[PDB]
Amino acid sequence: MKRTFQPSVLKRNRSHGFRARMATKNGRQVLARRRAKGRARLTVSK
Amino acid sequence: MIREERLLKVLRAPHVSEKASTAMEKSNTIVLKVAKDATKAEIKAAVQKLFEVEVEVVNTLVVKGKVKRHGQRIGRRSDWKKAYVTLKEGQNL
Amino acid sequence: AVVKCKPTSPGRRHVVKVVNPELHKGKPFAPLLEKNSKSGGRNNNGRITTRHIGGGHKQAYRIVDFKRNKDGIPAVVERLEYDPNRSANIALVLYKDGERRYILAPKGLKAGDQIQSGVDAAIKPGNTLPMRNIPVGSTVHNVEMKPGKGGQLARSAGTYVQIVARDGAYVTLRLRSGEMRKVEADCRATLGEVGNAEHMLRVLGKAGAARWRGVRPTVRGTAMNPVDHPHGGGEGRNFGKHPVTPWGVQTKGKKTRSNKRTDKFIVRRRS
RNA sequence: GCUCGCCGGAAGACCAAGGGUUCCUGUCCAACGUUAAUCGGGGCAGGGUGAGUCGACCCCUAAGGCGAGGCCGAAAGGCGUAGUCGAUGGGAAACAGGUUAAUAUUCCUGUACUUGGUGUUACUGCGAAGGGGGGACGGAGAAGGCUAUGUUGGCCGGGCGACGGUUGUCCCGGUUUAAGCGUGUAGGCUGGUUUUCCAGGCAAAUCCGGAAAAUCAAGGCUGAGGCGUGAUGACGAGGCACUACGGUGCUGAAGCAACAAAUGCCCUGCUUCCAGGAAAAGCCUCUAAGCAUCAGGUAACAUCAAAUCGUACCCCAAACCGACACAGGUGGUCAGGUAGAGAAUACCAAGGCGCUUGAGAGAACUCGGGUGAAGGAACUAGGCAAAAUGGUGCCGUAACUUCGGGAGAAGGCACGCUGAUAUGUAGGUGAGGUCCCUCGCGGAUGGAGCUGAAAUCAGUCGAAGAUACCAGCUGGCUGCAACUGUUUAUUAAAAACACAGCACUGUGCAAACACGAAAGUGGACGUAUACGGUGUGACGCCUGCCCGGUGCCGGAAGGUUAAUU
RNA sequence: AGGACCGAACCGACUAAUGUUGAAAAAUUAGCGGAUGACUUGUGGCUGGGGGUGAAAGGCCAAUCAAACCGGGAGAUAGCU
Ligand SMILES: [Mg+2]
Ligand SMILES: [Mg+2]
Ligand SMILES: [Mg+2]
Ligand SMILES: [Mg+2]
Ligand SMILES: [Mg+2]
Ligand SMILES: [Mg+2]
Ligand SMILES: [Mg+2]
Ligand SMILES: [Mg+2]
Ligand SMILES: [Mg+2]
Ligand SMILES: [Mg+2]
Ligand SMILES: [Mg+2]
Ligand SMILES: [Mg+2]
Ligand SMILES: [Mg+2]
Ligand SMILES: [Mg+2]
Ligand SMILES: [Mg+2]
Ligand SMILES: [Mg+2]
Ligand SMILES: [Mg+2]
Ligand SMILES: [Mg+2]
Ligand SMILES: [Mg+2]
Ligand SMILES: [Mg+2]
Ligand SMILES: [Mg+2]
Ligand SMILES: [Mg+2]
Ligand SMILES: [Mg+2]
Ligand SMILES: [Mg+2]
Ligand SMILES: [Mg+2]
Ligand SMILES: [Mg+2]
Ligand SMILES: [Mg+2]
Ligand SMILES: [Mg+2]
Ligand SMILES: [Mg+2]
Ligand SMILES: [Mg+2]
Ligand SMILES: [Mg+2]
Ligand SMILES: [Mg+2]
Ligand SMILES: [Mg+2]
Ligand SMILES: [Mg+2]
Ligand SMILES: [Mg+2]
Ligand SMILES: [Mg+2]
Ligand SMILES: [Mg+2]
Ligand SMILES: [Mg+2]
Ligand SMILES: [Mg+2]
Ligand SMILES: [Mg+2]
Ligand SMILES: [Mg+2]
Ligand SMILES: [Mg+2]
Ligand SMILES: [Mg+2]
Ligand SMILES: [Mg+2]
Ligand SMILES: [Mg+2]
Ligand SMILES: [Mg+2]
Ligand SMILES: [Mg+2]
Ligand SMILES: [Mg+2]
Ligand SMILES: [Mg+2]
Ligand SMILES: [Mg+2]
Ligand SMILES: [Mg+2]
């Protein structure tokens, strides 16, 4: 059975990486919320 | 011409191990721990100045630190770079 | 020309192919080629805006001269060529000054013929003139609609336009649709019918043949669910509705032309 | 350690993705390992990844992304030009041997190659954000030439056998060598050369394109493999000396030929078909402005440089995705023997494993198999399941048919081994020799040697010769759908969907239509032989009557009728 | 030549048995269909929730689908238990 998570680092970074979050207003909102909560890892990049 | 300060920084320590000693007594190569950002040319110049020997070529590699386990918490040792610097067949440091 | 395949398999039984032995067999003329990637019917929003488009063979675009504006320089036809992008055939013509160019191939044209454009060209098939200089009653193709813009009417295989009347600055044309229209007399046209008239006689013979041309399957609206199409639903085969498009507009006879800007040029609708 | 069993188109060996120390050494056995554990992918400590040539980085672009100005939008924003990113594609260069406990095309030995910078000599028209060429391209098929590789024979080293025989037509092992450099072959493509002229290639051009003459017919480009060299080397069975028993050191014979042969290479070729088969740079060439005994270009020589990052290990898996050391999933490459059409299948090689609970016993019952008297569908909703058929060659084969089919219809016969035909045939391959020439990787004869089916006749063994594995059940009537396809991931694969074909209808191009407050975009770089929608569904014979109802199309005399006034 | 034929890889999923606190939240075993094409597959890209995509089953859109998931309105409302 082929499961849903098929890892790929390039796709991971392009979809959820830091520069993808910083590219839009809503992504920057995501970053702001995660900074406010105190997350140790903002994005998948780390 | 690299400044002397940079040369005094780049070399950190000689590396001690079986492979290092074998390389010394077989291929006339010393193995050193160097700064993480030292290039081959800087290592070459530094060895030539601070040890007053002539070097043939420098080979470098980056060693990745080991993830270690110390009392409930995960720690990681730091990466470092080591150089296989080959002497010019007549120096014998 | 038109040949039937032997029924050696069920997918071949009904194939009728149109073969032209006169078409070039080599590669096309490289300097007049471009790429055109497929769209899948998707616009720049990424959404299907025309259904039933997708796949098919890769094709390269042939830059065809629809303007025919370099006048007074005779050209000779080198060879007829197959064009994937249209139903008509195209002809490679070599001008006397050394310039090569693609044109639509009119009926009867063949390698070695002379063509020429301009106000002083002889009235022969493949010659281009302003419609002011073409005798009334002639059959023409590749008709311009605005002067200097390039031909836009009667470009598909086997089509042509008839010049029925001339008065002042306008000429009345009979279009293939049976519709009469005014255009300015300064627009250019090419004499004769566009060739490959037997294009309409081909029979694809199998579903794959349509898939080769980039046509995807059509699902009848009556086979859907009500959430998908106005025709959907039913226990068994039920219709009980006036036929409409997927977006609810009635689709058997309702007229959709609404363009008051160009009504002045329409002498009589096709009917 | 010896024996046994299993895989061997994988359960062997590499690479990419993904993981990240699982790699190797010492040590420990609490927890983890479905049991014990001295063991471990477990704990602890140490060690280990070496590049001008491999990859990334880098140059160039695809789909697509972002996008100065711009256009559009209550705001947020959307689209998009110039640009700039983006590989899964294009772009310079390395091989063989040795070596570590763990790396190696990276270290060492030998032998190479690429690009660029400086310097010097020699000769010189150099110059792009521009022009041209090239790069540069499909599917199928057919050979011919080869090689990887294998087999056999020679040669070399060893052997003479636990039980009858084994000095021979006997047994075992080896018989290997690269890139590069020179040669330019089988073969593929293309006429060549010199003048003059020109509405073209945004300007120019000596380049490309076109035209006209003269002359020569052989010139150019591409090209596997072979041969020579690389290589008087390296490697090499085995032997000898040691061993700290794991292995270390020393020495080292032969190293040939024939035949068979790829799905690999010539081949991005050739032939053919229609569904008509990326882009840009590197590269070659042309000039513009400009420079002008300068710069620059070309060649030879010398010298310098080629940074940085990855490199351990797993990788059809106990290390990746599945919560697990989970009978699942996971892209590419390699591809030995005997039989076989074969990458099926059986047994094996190289190599790797026995699947992390065992020991007994030999009840019912369950699971997976084997055989079965007589009968043979009586079973059952139903021949479900099982049993059966099964190969090659030849003979033979009906209704019906759209003339292709049906058809492998049905059915039948032969099949092992040995000898002869023929001390190995038909065929394939092909040495020597001889004769030639423009002498060469040449041409013609020539047939040694090697390899080698199929058939016939005779004999012979068994119950059985397609002996195992492997490998169609067949026929008759009928409903439905023409057919190949598609579908309810995970209870429905069908008569459902699609389909080629048919019809109606819209649409004259700034098309209808669709996405979108809009700008725009798709339709389409298409133009009525086109595009959209709807219904029907190959083909054959056909498709009757009704316009009252509801829709749609046309009309506009009259009635009624909004804002407005 | 062929949406030709027989048949491995590969892609599927017709039948039966097992399993059903499974070896497995859809598999195994023996058979089965396609297997040069409307084929199959790697890498990357695009379409976003009354929206997409759909050879059309209300199928699929991260084990979720007659309207995804996450957070918020929010302690919705609940003549009901
Ligand atoms: Mg080195
Ligand atoms: Mg390195
Ligand atoms: Mg359509
Ligand atoms: Mg249709
Ligand atoms: Mg339905
Ligand atoms: Mg509705
Ligand atoms: Mg009914
Ligand atoms: Mg009714
Ligand atoms: Mg076995
Ligand atoms: Mg660890
Ligand atoms: Mg280990
Ligand atoms: Mg114990
Ligand atoms: Mg235990
Ligand atoms: Mg460990
Ligand atoms: Mg782009
Ligand atoms: Mg944009
Ligand atoms: Mg702006
Ligand atoms: Mg770029
Ligand atoms: Mg790439
Ligand atoms: Mg290793
Ligand atoms: Mg060979
Ligand atoms: Mg490795
Ligand atoms: Mg286990
Ligand atoms: Mg497993
Ligand atoms: Mg697969
Ligand atoms: Mg097998
Ligand atoms: Mg028993
Ligand atoms: Mg039983
Ligand atoms: Mg039995
Ligand atoms: Mg019985
Ligand atoms: Mg019996
Ligand atoms: Mg019987
Ligand atoms: Mg009965
Ligand atoms: Mg009964
Ligand atoms: Mg059965
Ligand atoms: Mg059976
Ligand atoms: Mg009946
Ligand atoms: Mg059917
Ligand atoms: Mg189902
Ligand atoms: Mg099913
Ligand atoms: Mg438009
Ligand atoms: Mg129907
Ligand atoms: Mg087929
Ligand atoms: Mg399926
Ligand atoms: Mg199966
Ligand atoms: Mg098949
Ligand atoms: Mg339903
Ligand atoms: Mg789901
Ligand atoms: Mg709702
Ligand atoms: Mg509230
Ligand atoms: Mg509540």
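Residue numbers begin at 1 in each chain, while the letters A, B, ... track the order of the sequences. Values below: every heavy atom of this structure, side chains too, minus hydrogens, waters and symmetry copies.
For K66(B), the groove within side-chain reach, using a distance under 5.0 Å to base N or O atoms, is identified as the major groove.
You won't find any donor-acceptor pair under 3.5 Å spanning the side chain of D228(C) and the base of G58(E), going by distance alone.
The distance from atom CZ of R13(C) to atom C1' of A1(E) is 16 Å, rounded to the nearest whole Å. Between the CZ atom of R220(C) and the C1' atom of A55(E) there is a distance of 11 Å, rounded to whole Å. The separation between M1(A) atom CE and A62(E) atom P is 16 Å, rounded to whole Å.
Nucleotide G116(D) carries an anti base; the chi torsion (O4'-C1'-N9-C4 or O4'-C1'-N1-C2) is more than 90° from 0. Shown here, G20(D) is classed syn by the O4'-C1'-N9-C4 or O4'-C1'-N1-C2 angle, which is within 90° of 0.
Because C1'-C2'-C3'-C4' is positive for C334(D), its sugar is assigned to the north class. The torsion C1'-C2'-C3'-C4' is the criterion here, and for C267(D) it is negative, giving a south pucker. Judged by the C1'-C2'-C3'-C4' torsion, which is positive here, the sugar of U357(D) sits on the north, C3'-endo side. The pentose of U268(D) belongs to the south class of puckers. Its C1'-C2'-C3'-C4' angle has a negative sign. The torsion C1'-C2'-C3'-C4' is the criterion here, and for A318(D) it is negative, giving a south pucker.
The ring-ring contact (aromatic ring centres under 6.0 Å, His included) test applied to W80(B) returns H15(B), not counting sequence neighbours. Checked against side chain to side chain donor-acceptor pair (under 3.5 Å), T128(C) has the following partners two or more places apart in sequence or in another chain: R68(C), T190(C). Shown here are the ring-ring contact (aromatic ring centres under 6.0 Å, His included) partners of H229(C), two or more places apart in sequence or in another chain: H231(C). A search for side chain to side chain donor-acceptor pair (under 3.5 Å) contacts involving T50(C) returns nothing, not counting sequence neighbours.
Across all strands shown, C497(D) forms a Watson-Crick or G-U wobble pair, both distances under 3.5 Å, with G485(D). In this entry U15(E) has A30(E) as its Watson-Crick or G-U wobble partner, both defining distances falling under 3.5 Å. Here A261(D) sits opposite no nucleotide as a Watson-Crick or G-U wobble pair (both hydrogen-bonding atom distances under 3.5 Å). Remark: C347(D) base-pairs with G337(D). Criterion, Watson-Crick or G-U wobble with two distances under 3.5 Å. Under the Watson-Crick and G-U wobble criteria, each requiring two contacts below 3.5 Å, nucleotide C65(E) is paired to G49(E). With a 3.5 Å ceiling on both atom-pair distances, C469(D) lacks any Watson-Crick or G-U wobble partner. The nucleotide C513(D) finds its pairing partner in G522(D), both defining distances of the Watson-Crick or G-U wobble pair being shorter than 3.5 Å. In this entry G328(D) has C321(D) as its Watson-Crick or G-U wobble partner, both defining distances falling under 3.5 Å.
Under the 3.5 Å distance criterion, with hydrogens and angles disregarded, a donor-acceptor pair is assigned to the side chains of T262(C) and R257(C).
In the 5' to 3' direction, nucleotides of RNA chain D lying under 4.0 Å from heavy atoms of chain A begin and end at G18(D) to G329(D).
Residue pairs that meet the side-chain hydrogen bond (donor to acceptor under 3.5 Å, both in side chains) test with at least one member in residues 98-114 of chain C, sequence neighbours left out, are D65(C)-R101(C), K70(C)-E99(C), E78(C)-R100(C), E81(C)-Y102(C), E99(C)-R101(C).
Contact annotation: the side chain of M131(C) approaches that of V143(C) to within less than 4.5 Å [non-hydrogen atoms, C-beta and beyond].
The backbone N or O of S9(C) lies less than 3.5 Å from no partner atom in the side chain of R13(C), so there is not a single donor-acceptor pair. Using a distance-only test at 3.5 Å, with no hydrogens or angles considered, no donor-acceptor pair links the side chain of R216(C) to the main chain of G55(C).
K149(C) comes within 4.0 angstrom of the backbone, heavy atoms only, and of no base. If you check every strand for non-hydrogen atoms under 4.0 Å, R12(C) touches sugar and phosphate atoms only. Residue contacts for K25(A): at a heavy-atom cut-off of 4.0 Å it reaches the sugar-phosphate backbone alone, with no base atom in range.
The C1' atoms of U418(D) and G342(D) are separated by 31 Å, rounded to the nearest whole Å.
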